$ cat upload_11.cif   # mmCIF, C-alpha atoms
data_upload
loop_
_atom_site.group_PDB
_atom_site.id
_atom_site.type_symbol
_atom_site.label_atom_id
_atom_site.label_comp_id
_atom_site.auth_asym_id
_atom_site.auth_seq_id
_atom_site.Cartn_x
_atom_site.Cartn_y
_atom_site.Cartn_z
ATOM 1 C CA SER A 136 -3.173 -13.413 6.555
ATOM 2 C CA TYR A 137 0.265 -12.758 5.048
ATOM 3 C CA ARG A 138 3.947 -13.297 5.839
ATOM 4 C CA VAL A 139 5.821 -10.172 4.728
ATOM 5 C CA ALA A 140 9.553 -10.637 4.118
ATOM 6 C CA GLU A 141 10.966 -7.116 4.261
ATOM 7 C CA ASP A 142 14.478 -8.362 3.435
ATOM 8 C CA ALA A 143 13.545 -10.301 0.291
ATOM 9 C CA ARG A 144 10.730 -7.815 -0.479
ATOM 10 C CA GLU A 145 8.393 -10.798 -0.914
ATOM 11 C CA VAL A 146 4.928 -11.643 0.404
ATOM 12 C CA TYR A 147 3.481 -15.101 1.073
ATOM 13 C CA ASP A 148 -0.209 -15.752 1.641
ATOM 14 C CA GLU A 149 -1.429 -18.163 4.318
ATOM 15 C CA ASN A 150 -1.213 -21.070 1.847
ATOM 16 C CA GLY A 151 2.319 -20.098 0.833
ATOM 17 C CA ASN A 152 1.575 -18.619 -2.569
ATOM 18 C CA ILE A 153 4.169 -16.009 -3.519
ATOM 19 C CA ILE A 154 2.755 -12.535 -4.145
ATOM 20 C CA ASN A 155 5.058 -10.317 -6.203
ATOM 21 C CA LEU A 156 4.716 -6.609 -5.434
ATOM 22 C CA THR A 157 6.435 -3.812 -7.278
ATOM 23 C CA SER A 158 8.794 -1.704 -5.200
ATOM 24 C CA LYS A 159 6.211 1.065 -4.787
ATOM 25 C CA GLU A 160 3.514 -1.470 -3.908
ATOM 26 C CA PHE A 161 5.815 -2.948 -1.252
ATOM 27 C CA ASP A 162 6.606 0.518 0.126
ATOM 28 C CA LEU A 163 2.873 1.177 0.371
ATOM 29 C CA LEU A 164 2.329 -2.145 2.136
ATOM 30 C CA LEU A 165 4.919 -1.174 4.744
ATOM 31 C CA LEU A 166 3.195 2.176 5.369
ATOM 32 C CA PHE A 167 -0.012 0.298 6.144
ATOM 33 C CA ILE A 168 1.090 -2.758 8.113
ATOM 34 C CA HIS A 169 3.308 -0.856 10.556
ATOM 35 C CA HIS A 170 0.797 1.946 11.185
ATOM 36 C CA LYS A 171 -2.527 0.194 11.595
ATOM 37 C CA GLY A 172 -5.448 2.552 12.020
ATOM 38 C CA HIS A 173 -3.493 5.588 10.857
ATOM 39 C CA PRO A 174 -5.290 7.783 8.276
ATOM 40 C CA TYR A 175 -2.919 8.513 5.392
ATOM 41 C CA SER A 176 -3.831 11.291 3.020
ATOM 42 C CA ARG A 177 -2.991 10.828 -0.646
ATOM 43 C CA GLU A 178 -0.308 13.508 -0.267
ATOM 44 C CA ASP A 179 1.132 11.671 2.758
ATOM 45 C CA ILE A 180 1.499 8.502 0.673
ATOM 46 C CA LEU A 181 2.882 10.378 -2.332
ATOM 47 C CA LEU A 182 5.643 12.022 -0.321
ATOM 48 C CA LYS A 183 6.671 8.702 1.213
ATOM 49 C CA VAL A 184 6.437 6.580 -1.962
ATOM 50 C CA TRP A 185 7.077 8.928 -4.905
ATOM 51 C CA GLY A 186 9.179 11.463 -2.991
ATOM 52 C CA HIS A 187 9.536 15.207 -2.689
ATOM 53 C CA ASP A 188 9.758 16.302 -6.345
ATOM 54 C CA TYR A 189 6.555 14.791 -7.780
ATOM 55 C CA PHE A 190 3.806 17.227 -8.746
ATOM 56 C CA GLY A 191 1.454 15.119 -10.869
ATOM 57 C CA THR A 192 -1.979 13.699 -10.196
ATOM 58 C CA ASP A 193 -2.759 12.086 -6.862
ATOM 59 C CA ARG A 194 -4.695 9.439 -8.815
ATOM 60 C CA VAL A 195 -1.444 7.461 -9.007
ATOM 61 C CA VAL A 196 -1.966 6.740 -5.292
ATOM 62 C CA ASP A 197 -5.450 5.374 -5.903
ATOM 63 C CA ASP A 198 -4.064 3.171 -8.669
ATOM 64 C CA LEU A 199 -1.272 1.868 -6.430
ATOM 65 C CA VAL A 200 -3.749 0.991 -3.662
ATOM 66 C CA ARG A 201 -6.047 -0.836 -6.083
ATOM 67 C CA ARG A 202 -3.162 -2.897 -7.427
ATOM 68 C CA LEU A 203 -2.073 -3.772 -3.895
ATOM 69 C CA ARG A 204 -5.624 -4.755 -2.926
ATOM 70 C CA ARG A 205 -6.103 -6.927 -6.013
ATOM 71 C CA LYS A 206 -2.823 -8.717 -5.250
ATOM 72 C CA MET A 207 -3.593 -8.949 -1.499
ATOM 73 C CA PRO A 208 -7.394 -9.084 -1.143
ATOM 74 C CA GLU A 209 -7.271 -10.107 2.529
ATOM 75 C CA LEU A 210 -5.582 -6.840 3.548
ATOM 76 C CA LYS A 211 -7.915 -4.677 5.637
ATOM 77 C CA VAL A 212 -7.325 -1.485 3.661
ATOM 78 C CA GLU A 213 -10.186 1.020 3.759
ATOM 79 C CA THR A 214 -10.763 4.066 1.590
ATOM 80 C CA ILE A 215 -11.241 7.342 3.440
ATOM 81 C CA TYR A 216 -13.407 9.214 0.952
ATOM 82 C CA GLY A 217 -12.016 12.488 -0.295
ATOM 83 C CA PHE A 218 -8.898 11.924 1.806
ATOM 84 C CA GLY A 219 -6.843 8.780 1.435
ATOM 85 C CA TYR A 220 -6.528 5.341 3.003
ATOM 86 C CA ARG A 221 -5.926 3.433 6.207
ATOM 87 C CA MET A 222 -5.308 -0.190 7.082
ATOM 88 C CA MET A 223 -7.193 -1.627 10.035
#

$ encode --input "upload_11.cif" --output "structure tokens"
Amino acid sequence: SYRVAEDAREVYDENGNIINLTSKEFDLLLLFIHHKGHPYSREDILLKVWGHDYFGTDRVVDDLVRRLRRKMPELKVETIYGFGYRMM
């Protein structure tokens, strides 16, 4: 339902509306779309999006996912309760 330009870091919906993701939102999108079905824990996402020296709340991951899903409601992201997220 989306055209994802990984060079321009832009997303276009099926009608050609531009969807502007932040850099972390785009990184998260790439984790999902190239690994469909894979269960990502919150820590897994943190290490790949925030890096190796972040020790704060994992609720930043939940926030990032919600922002991505509000910007891209047709994405088949699913919450894995108590664990993390996957995209089908």

$ closest_residue --input "upload_11.cif" --among "A:139, A:222, A:163, A:151" --to "residue 185 in chain A" --atoms "all atoms listed in the file"
A:163

$ resolve_selection --input "upload_11.cif" --expression "the PyMOL selection byres ((chain A and resi 168) around 10)" --output "list in words"
residues 139, 163, 164, 165, 166, 167, 169, 170, 171, 172, 173, 210, 211, 212, 221, 222 and 223 of chain A

$ closest_residue --input "upload_11.cif" --among "A:199, A:147, A:140, A:177" --to "residue 160 in chain A" --atoms "all atoms listed in the file"
A:199

$ resolve_selection --input "upload_11.cif" --expression "the PyMOL selection byres ((chain A and resi 201) around 12)" --output "PyMOL selection string"
chain A and resi 160+163-164+194-200+202-208+210+212-214+220

$ residues_around --input "upload_11.cif" --residues "residue 182 in chain A" --least-positions-apart "3" --cutoff "12 Å" --atoms "all atoms listed in the file" --output "PyMOL selection string"
chain A and resi 159+162-163+166+175-179+185-191+193+196

$ residues_around --input "upload_11.cif" --residues "residue 145 in chain A" --least-positions-apart "6" --cutoff "10 Å" --atoms "all atoms listed in the file" --output "PDB file with C-alpha atoms, keeping the file's coordinate frame"
ATOM      1  CA  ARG A 138       3.947 -13.297   5.839  1.00  0.00           C
ATOM      2  CA  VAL A 139       5.821 -10.172   4.728  1.00  0.00           C
ATOM      3  CA  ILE A 153       4.169 -16.009  -3.519  1.00  0.00           C
ATOM      4  CA  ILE A 154       2.755 -12.535  -4.145  1.00  0.00           C
ATOM      5  CA  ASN A 155       5.058 -10.317  -6.203  1.00  0.00           C
ATOM      6  CA  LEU A 156       4.716  -6.609  -5.434  1.00  0.00           C
ATOM      7  CA  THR A 157       6.435  -3.812  -7.278  1.00  0.00           C
ATOM      8  CA  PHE A 161       5.815  -2.948  -1.252  1.00  0.00           C
TER       9      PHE A 161
END

$ atom_distance --input "upload_11.cif" --atom1 "CA of residue 141 in chain A" --atom2 "CA of residue 158 in chain A"
11.1 Å

$ atom_distance --input "upload_11.cif" --atom1 "CA of residue 183 in chain A" --atom2 "CA of residue 136 in chain A"
24.8 Å

$ atom_distance --input "upload_11.cif" --atom1 "CA of residue 209 in chain A" --atom2 "CA of residue 149 in chain A"
10.1 Å
